[PDB]
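S.K.: One structure, pasted below without further comment.
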Amino acid sequence: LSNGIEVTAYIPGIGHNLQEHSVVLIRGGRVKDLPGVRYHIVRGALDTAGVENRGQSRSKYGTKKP
Amino acid sequence: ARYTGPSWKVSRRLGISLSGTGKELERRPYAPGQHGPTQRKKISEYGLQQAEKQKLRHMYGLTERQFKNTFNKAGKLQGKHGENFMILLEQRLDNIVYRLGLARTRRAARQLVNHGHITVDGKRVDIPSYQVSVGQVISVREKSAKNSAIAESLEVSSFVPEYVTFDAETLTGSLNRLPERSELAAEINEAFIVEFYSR
Amino acid sequence: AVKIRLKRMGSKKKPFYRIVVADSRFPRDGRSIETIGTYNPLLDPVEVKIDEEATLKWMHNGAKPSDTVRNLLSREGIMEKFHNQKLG
RNA sequence: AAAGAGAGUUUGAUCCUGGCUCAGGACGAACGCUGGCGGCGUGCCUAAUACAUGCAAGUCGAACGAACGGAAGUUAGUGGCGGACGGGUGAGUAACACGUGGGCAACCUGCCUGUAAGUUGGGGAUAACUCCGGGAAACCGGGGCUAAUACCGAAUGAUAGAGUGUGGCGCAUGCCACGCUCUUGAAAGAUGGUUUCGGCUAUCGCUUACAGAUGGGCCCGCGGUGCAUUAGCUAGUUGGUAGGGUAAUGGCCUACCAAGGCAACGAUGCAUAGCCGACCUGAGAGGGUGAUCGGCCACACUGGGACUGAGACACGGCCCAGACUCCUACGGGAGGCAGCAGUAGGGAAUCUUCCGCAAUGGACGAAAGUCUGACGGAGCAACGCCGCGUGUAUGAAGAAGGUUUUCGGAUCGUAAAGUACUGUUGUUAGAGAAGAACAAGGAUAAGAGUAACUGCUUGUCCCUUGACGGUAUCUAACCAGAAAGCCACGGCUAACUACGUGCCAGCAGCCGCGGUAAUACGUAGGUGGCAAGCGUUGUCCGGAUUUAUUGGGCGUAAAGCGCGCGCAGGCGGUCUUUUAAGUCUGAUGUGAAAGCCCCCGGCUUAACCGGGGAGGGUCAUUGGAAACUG
Ligand SMILES: [Mg+2]
Ligand SMILES: [Mg+2]
Ligand SMILES: [Mg+2]
Ligand SMILES: [Mg+2]
Ligand SMILES: [Mg+2]
Ligand SMILES: [Mg+2]
Ligand SMILES: [Mg+2]
Ligand SMILES: [Mg+2]
Ligand SMILES: [Mg+2]
Ligand SMILES: [Mg+2]
Ligand SMILES: [Mg+2]
Ligand SMILES: [Mg+2]
Ligand SMILES: [Mg+2]
Ligand SMILES: [Mg+2]
Ligand SMILES: [Mg+2]
Ligand SMILES: [Mg+2]
Ligand SMILES: [Mg+2]
Ligand SMILES: [Mg+2]
Ligand SMILES: [Mg+2]
Ligand SMILES: [Mg+2]
Ligand SMILES: [Mg+2]
Ligand SMILES: [Mg+2]
Ligand SMILES: [Mg+2]
Ligand SMILES: [Mg+2]
Ligand SMILES: [Mg+2]
Ligand SMILES: [Mg+2]
Ligand SMILES: [Mg+2]
Ligand SMILES: [Mg+2]
Ligand SMILES: [Mg+2]
Ligand SMILES: [Mg+2]
Ligand SMILES: [Mg+2]
Ligand SMILES: [Mg+2]
Ligand SMILES: [Mg+2]
Ligand SMILES: [Mg+2]
Ligand SMILES: [Mg+2]
Ligand SMILES: [Mg+2]
Ligand SMILES: [Mg+2]
Ligand SMILES: [Mg+2]
Ligand SMILES: [Mg+2]
Ligand SMILES: [Mg+2]
Ligand SMILES: [Mg+2]
Ligand SMILES: [Mg+2]
Ligand SMILES: [Mg+2]
Ligand SMILES: [Mg+2]
Ligand SMILES: [Mg+2]
Ligand SMILES: [Mg+2]
Ligand SMILES: [Mg+2]
Ligand SMILES: [Mg+2]
Ligand SMILES: [Mg+2]
Ligand SMILES: [Mg+2]
Ligand SMILES: [Mg+2]
Ligand SMILES: [Mg+2]
Ligand SMILES: [Mg+2]
Ligand SMILES: [Mg+2]
Ligand SMILES: [Mg+2]
Ligand SMILES: [Mg+2]
Ligand SMILES: [Mg+2]
Ligand SMILES: [Mg+2]
Ligand SMILES: [Mg+2]
Ligand SMILES: [Mg+2]
Ligand SMILES: [Mg+2]
Ligand SMILES: [Mg+2]
Ligand SMILES: [Mg+2]
Ligand SMILES: [Mg+2]
Ligand SMILES: [Mg+2]
Ligand SMILES: [Mg+2]
Ligand SMILES: [Mg+2]
Ligand SMILES: [Mg+2]
Ligand SMILES: [Mg+2]
Ligand SMILES: [Mg+2]
Ligand SMILES: [Mg+2]
Ligand SMILES: [Mg+2]
Ligand SMILES: [Mg+2]
Ligand SMILES: [Mg+2]
Ligand SMILES: [Mg+2]
Ligand SMILES: [Mg+2]
Ligand SMILES: [Mg+2]
Ligand SMILES: [Mg+2]
Ligand SMILES: [Mg+2]
Ligand SMILES: [Mg+2]
Ligand SMILES: [Mg+2]
Ligand SMILES: [Mg+2]
Ligand SMILES: [Mg+2]
Ligand SMILES: [Mg+2]
Ligand SMILES: [Mg+2]
Ligand SMILES: [Mg+2]
Ligand SMILES: [Mg+2]
Ligand SMILES: [Mg+2]
Ligand SMILES: [Mg+2]
Ligand SMILES: [Mg+2]
């Protein structure tokens, strides 16, 4: 993070485009299945792009109107 | 016309025939959708309370936010909260024009008020939510005057409530006095409205 | 030097003034000693309500009306009384 | 008057205890998808980080020595007033800083208002100007000349000082009034009327004294935060005597003398924080916060100091030291946006290098007038609240086409399409407000003052001024035409069917769904909540009686010290008399304005804005009652 803390996030949606050395925006939210994951990566805010071929619930996952 | 959708299913979903009768009965009286004819189900306490709100909101045809605001200031009066709510809503300029017979439906009345076709105390008013007082005169102020739509709706007007006075030569409507709860709707449970907003 | 002056309040392009007594040093809408009356300029016959007793009390202690106030007090007619009580 | 909703989850099933999660409301919010308008407000919460470039504080020729003009009429410097107001920020500060209530017989106060005495007589200069000298530049020296409401003596004048007489007094120190003796302390002219020229006089000023008003200074009772895994702290510290200093009391300071002062009713220390009116939530009691608006405080690159002044230890003043940037001819010089805009950086995150002094209020002036990034307006951003537009009415056992069907049908759907109608909004063209009171200038009238004017005060007429802006607002016509998205549909919780996948992809706040018939994953059709929005995240209150005063408990669920003796503290049998600290009650003063609430009124309604009222205190002075505690 920008304040110098090393955390573990989670990518929602079907398929992504993340690689090492990539800038992303994280937001609150814990995933129950994963032991240590406590944050969610928002999709469509920065280098991370929206999910491909999303028809409904598009405000999440950051996919624009088709 | 804030809600421009089909004004036929809302009567079917609610189960009460808005604007007299015919919207619900005669045709399919059951709810709209794929699973209308079959697949009935029970209603919980939340459903019964919520369904009462929808009748008042869609009968007078106004938005949710106003409904909450006019409910709050209705309960600031002295008396029964539920009864004061319909009395306060009955005061709206849309309803008075509907009651006088100048329009067939509330949607027609709302547009009639909207497009500066009426006047109160000789001053043009374009706010549908204007709250009419007792004794004020409402007219048309010539211009449209002998308009086919307004004249057609004058003939098909059934009856006129006793708390409004109107003669079809000068079109000078007026509120005789503040109305009474018994003579309004009589098919709504105001006790459920007030319980819905207290949760 | 304490002097009586208007105080602007109201909405955008709808001014409404409240006649107050305050020092020249203090802000236009800040500290004041006390309030005397109001002034509506928007009304075509401009209407003003004044105490007619606290003004005369203050003007014998070193209070000076401003440019607009003097017109208000003269039209209402208490500067005549300030004249008469001064010499009498 | 007001007055309180629950649900899921431990088990094969149950009842209790108990935690976790959810349904509501609010942001100076951010992010995602989408996006028509108008009114009213709001917009660097982080780096009190560093700052290009413009503008934010001047004014007076009616206080004193110049350039255009045949010497008429307008424009630098000395001098006065103002720069201590207005505007910004929240670093520090746990204390008389603030809130509330008092005291000052212990204090100061320019301008403003009233009253009383006068505004008399001289002297020596020096800026500007003119030469010389030094230096890159900032700017520094020397010689000569001149004026003032500049500066310094002099006459006269103290309720200023000393020594007293009397009275009337108060709260201990002491106060008020009058009288006597002695000694000190003041000043300025300018602009006009008259006369004569003596002189007089009007206005603005000048000096002293006393009142009022205004603004401040000092002291005190009470009130509002975490840690005892922080127990001692202090030495000008505590008190006294004499002096110094201040507007004023005081260890405020100094010499001497004594050893005191504070603390378990929490000193000291560490950590955090500007305080309040108020804001959000709550049935209430309370819990959290202190952005915008108003009051007080502290700060002005970081430390220290003082000058001038009525007022400063001074945001756009000075001196020294430090860090940083810049100009140097290497000798030396110049700076401070936490002012309005704007730039870089930090950040998930916040606007224009705009128009005016027309209105209000400021500084100067006698007045026009000058200055005012205060303030009025405009610009950008769905950031919030409020209003209403994306069309109305009639119209099929029911158009086509989707989507399903035990293939008959059902649903989208009166929604289409058709006929009839409207112009809020749009486009075009015409009319066009309020906000303006003024000031000054001109005639008068009446007054106080006059030997008389000029002039001063009040009254009535004439004339004059708009950034917004041709803005708001009307009427004339044409167009259904340019204007609907967002989230959910197993339960909590309103709303279900097909196809694809096959413990994979994936979903999720909790219970938990997915392992070739998934109402829970993905897409369709349909539906449900809202709507110019809708969802997610972060923070706070509620539900949470889950710190229980209102309003919980300790046999077995967490929870009675292993037991005693006892200092401090808490509580205490019966009756009578008295007192009045607690208790109850009346009056007076105060608890600002704005905000919540109640009653009216204006914006075409609302939001919003005015007028009146109410509430709000373990508050101060004073008068009562005596049952209860003392
Ligand atoms: Mg989903
Ligand atoms: Mg006017
Ligand atoms: Mg089980
Ligand atoms: Mg429980
Ligand atoms: Mg609630
Ligand atoms: Mg909610
Ligand atoms: Mg748009
Ligand atoms: Mg956009
Ligand atoms: Mg800041
Ligand atoms: Mg600093
Ligand atoms: Mg500069
Ligand atoms: Mg300027
Ligand atoms: Mg001259
Ligand atoms: Mg002068
Ligand atoms: Mg000059
Ligand atoms: Mg200030
Ligand atoms: Mg601070
Ligand atoms: Mg603050
Ligand atoms: Mg005080
Ligand atoms: Mg001389
Ligand atoms: Mg010289
Ligand atoms: Mg000389
Ligand atoms: Mg003398
Ligand atoms: Mg003398
Ligand atoms: Mg003087
Ligand atoms: Mg002050
Ligand atoms: Mg003191
Ligand atoms: Mg204290
Ligand atoms: Mg002493
Ligand atoms: Mg001391
Ligand atoms: Mg301490
Ligand atoms: Mg509660
Ligand atoms: Mg409270
Ligand atoms: Mg701020
Ligand atoms: Mg700085
Ligand atoms: Mg001084
Ligand atoms: Mg300093
Ligand atoms: Mg300064
Ligand atoms: Mg200071
Ligand atoms: Mg200042
Ligand atoms: Mg500055
Ligand atoms: Mg320097
Ligand atoms: Mg700035
Ligand atoms: Mg930036
Ligand atoms: Mg950045
Ligand atoms: Mg101005
Ligand atoms: Mg002015
Ligand atoms: Mg003056
Ligand atoms: Mg200037
Ligand atoms: Mg300007
Ligand atoms: Mg402004
Ligand atoms: Mg907007
Ligand atoms: Mg947005
Ligand atoms: Mg078909
Ligand atoms: Mg078909
Ligand atoms: Mg129009
Ligand atoms: Mg036009
Ligand atoms: Mg026009
Ligand atoms: Mg004026
Ligand atoms: Mg005049
Ligand atoms: Mg005259
Ligand atoms: Mg005369
Ligand atoms: Mg006059
Ligand atoms: Mg025009
Ligand atoms: Mg019109
Ligand atoms: Mg048409
Ligand atoms: Mg259900
Ligand atoms: Mg399947
Ligand atoms: Mg679900
Ligand atoms: Mg699904
Ligand atoms: Mg769908
Ligand atoms: Mg829908
Ligand atoms: Mg709305
Ligand atoms: Mg939102
Ligand atoms: Mg949240
Ligand atoms: Mg509680
Ligand atoms: Mg318990
Ligand atoms: Mg017990
Ligand atoms: Mg056990
Ligand atoms: Mg036990
Ligand atoms: Mg025991
Ligand atoms: Mg004892
Ligand atoms: Mg007893
Ligand atoms: Mg006792
Ligand atoms: Mg108040
Ligand atoms: Mg009204
Ligand atoms: Mg208000
Ligand atoms: Mg009020
Ligand atoms: Mg007794
Ligand atoms: Mg007694």
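Here, A, B, ... name the chains of the structure tokens in the order displayed, residue numbers run from 1 inside each chain, and ligands are numbered from 1 in the same displayed order.
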Could you tell me which residues of chain D sit within 8 Å of chain A when counting only C-alpha atoms (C1' of nucleotides), and give me the result as a list in words?
M.R.: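 Filtering chain D at 8 Å from chain A with only C-alpha atoms (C1' of nucleotides) gives residues 31, 32, 33, 486, 487, 505, 506, 508, 523, 535, 536, 537 and 538 of chain D.
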S.K.: Determine which residues of chain D sit within 8 Å of chain B, taking into account only C-alpha atoms (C1' of nucleotides), and present them as an NGL selection string.
M.R.: :D and (5 or 24 or 388-389 or 391-393 or 410-412 or 414-415 or 421-424 or 494 or 496-497 or 526-527 or 530 or 604-605)
S.K.: Using only C-alpha atoms (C1' of nucleotides) and all ligand atoms, what are the residues with an atom within 12 Å of ligand 79, set out as a list in words?
M.R.: residues 556, 557 and 558 of chain D
S.K.: Dump as CSV the rows for residues of chain D within 8 Å of chain C: closest atom pair and distance in Å with one decimal, only C-alpha atoms (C1' of nucleotides) counted, ordered by chain and rising residue number.
M.R.:
```
residue,atom,partner,partner_atom,distance
D:85,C1',C:25,CA,5.5
D:86,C1',C:27,CA,7.2
D:111,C1',C:1,CA,6.1
D:112,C1',C:1,CA,4.6
D:113,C1',C:62,CA,3.9
D:212,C1',C:61,CA,6.0
D:213,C1',C:61,CA,5.3
D:214,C1',C:2,CA,6.5
D:294,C1',C:30,CA,7.0
D:360,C1',C:8,CA,6.4
D:361,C1',C:28,CA,5.4
D:362,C1',C:24,CA,7.4
D:434,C1',C:42,CA,6.4
D:435,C1',C:42,CA,6.4
D:437,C1',C:68,CA,5.6
D:438,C1',C:68,CA,7.2
D:439,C1',C:67,CA,7.9
D:448,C1',C:87,CA,7.5
D:457,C1',C:83,CA,7.2
D:458,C1',C:80,CA,6.1
D:608,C1',C:11,CA,7.8
D:609,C1',C:10,CA,5.8
```
S.K.: Set the cut-off to 12 Å, count only C-alpha atoms (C1' of nucleotides) and all ligand atoms, and list whatever residues fall near ligand 77 as a PyMOL selection string.
M.R.: chain D and resi 16-18+545-548+551-554+557-559
S.K.: Set the distance at 9 Å and use only C-alpha atoms (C1' of nucleotides): which residues neighbour stretch 171-181 of chain B once local chain neighbours fewer than 5 positions away are removed? I'd like the list as an MDAnalysis selection string.
M.R.: chainID B and resid 83:84 86:87 90:91 96:97 100 102 132:140 162:166 186
S.K.: For ligand 89, return the neighbouring residues as a list in words (distance at most 9 Å; only C-alpha atoms (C1' of nucleotides) and all ligand atoms).
M.R.: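 Using only C-alpha atoms (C1' of nucleotides) and all ligand atoms, everything at most 9 Å from ligand 89 comes to residues 577, 578, 626 and 627 of chain D.
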S.K.: Which distance in Å separates atom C1' of residue D:562 and atom 1 (Mg, counted along the ligand's line) of ligand 82, to one decimal?
M.R.: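 Interatomic distance here is 27.2 Å.
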S.K.: Could you list, as a list in words, all the residues within 8 Å of ligand 69, counting only C-alpha atoms (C1' of nucleotides) and all ligand atoms?
M.R.: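 Counting only what the definition allows, namely only C-alpha atoms (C1' of nucleotides) and all ligand atoms, the set is residues 489, 490 and 520 of chain D.
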S.K.: Check the DSSP output for the backbone and give back, as a PyMOL selection string, the residues of chain C in strand (DSSP E).
M.R.: chain C and resi 2-5+8-11+14-23+34-40+47-49+64-65
S.K.: Please identify every polymer residue within 12 Å of ligand 28, using only C-alpha atoms (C1' of nucleotides) and all ligand atoms, and present the set as number ranges by chain.
M.R.: D: 94-99, 221-224
S.K.: Fewer than 6 positions away in the same chain doesn't count, so skip those; otherwise give me all residues within 10 Å of stretch 75-78 of chain B, counting only C-alpha atoms (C1' of nucleotides), as a count of residues only.
M.R.: 4
S.K.: Near residue A:37, counting only C-alpha atoms (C1' of nucleotides), which residues have an atom at most 8 Å away, once you skip same-chain residues fewer than 3 positions from it, shown as a CSV table (one decimal) with N, CA, C and O atoms, in the first residue's frame?
M.R.:
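result_32.csv, written as the output of this step:
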```csv
chain,number,residue,atom,x,y,z
A,7,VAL,N,-0.2,-6.2,2.4
A,7,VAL,CA,-1.5,-6.9,2.6
A,7,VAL,C,-1.8,-7.8,1.4
A,7,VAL,O,-1.1,-7.8,0.4
A,8,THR,N,-2.8,-8.6,1.6
A,8,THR,CA,-3.3,-9.6,0.6
A,8,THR,C,-4.7,-9.2,0.2
A,8,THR,O,-5.6,-9.2,1.0
A,9,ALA,N,-4.9,-9.1,-1.1
A,9,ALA,CA,-6.2,-8.7,-1.7
A,9,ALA,C,-6.8,-9.9,-2.5
A,9,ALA,O,-6.2,-11.0,-2.5
A,10,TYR,N,-7.9,-9.6,-3.1
A,10,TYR,CA,-8.6,-10.6,-3.8
A,10,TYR,C,-9.2,-10.0,-5.1
A,10,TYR,O,-9.8,-8.9,-5.1
A,30,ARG,N,-13.9,-8.5,3.5
A,30,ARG,CA,-13.2,-9.8,3.8
A,30,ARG,C,-13.9,-10.9,3.1
A,30,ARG,O,-15.1,-11.0,3.0
A,31,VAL,N,-13.1,-11.9,2.6
A,31,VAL,CA,-13.6,-13.1,2.0
A,31,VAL,C,-13.5,-14.2,3.0
A,31,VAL,O,-12.4,-14.4,3.6
A,34,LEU,N,-11.0,-17.6,2.3
A,34,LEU,CA,-9.6,-17.4,2.4
A,34,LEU,C,-9.2,-17.1,3.8
A,34,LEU,O,-9.8,-16.3,4.5
```
